[PDB]
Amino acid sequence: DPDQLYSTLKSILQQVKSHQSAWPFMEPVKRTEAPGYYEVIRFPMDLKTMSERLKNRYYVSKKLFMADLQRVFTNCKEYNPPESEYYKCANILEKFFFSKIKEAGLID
């Protein structure tokens, strides 16, 4: 009853991380891999960083969690071409994410 949010968030983040379309998002994009990524994307985010944030008790509300995870998708979509494998992954996983958020009644 106290630590309810933490539990729900952890379950959701784990399901997202195990999803077969999560692989592009598991770790920070490297500048060496992506020319001018960090010029274009000002608030980078990824699921390893979110795991850390969660463990660090940063996600004190649904909204903070939802914003970080939404940003993972919107970074990817802005940066990559629309028919790229990363873009396809991003919308697949975003669909999955919204279905789990609704499924847990996460209200913000």
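Rigid core (definition): largest C-alpha set, two forms, superposition within 1.5 Å. Start at 1 and count along the sequence shown; that's the residue number.
Between 52-60 and 36-44, larger RMS Cα displacement in 7 other deposited structures of this protein after core fit: When 36-44 and 52-60 are compared in 7 other deposited structures of this protein, the bigger C-alpha shift is seen for 36-44.
Greatest C-alpha divergence in 7 other deposited structures of this protein once each structure is fitted on the rigid core, 69-77 or 25-33: When 25-33 and 69-77 are compared in 7 other deposited structures of this protein, 25-33 lies farther out.
Of 41-49 and 26-34, the one with larger mean CA B-factor: According to the PDB entry, the answer is 26-34.
Record-listed C-alpha B factor of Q70: chain third: According to the entry, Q70 has a C-alpha B-factor in the chain's lowest third.
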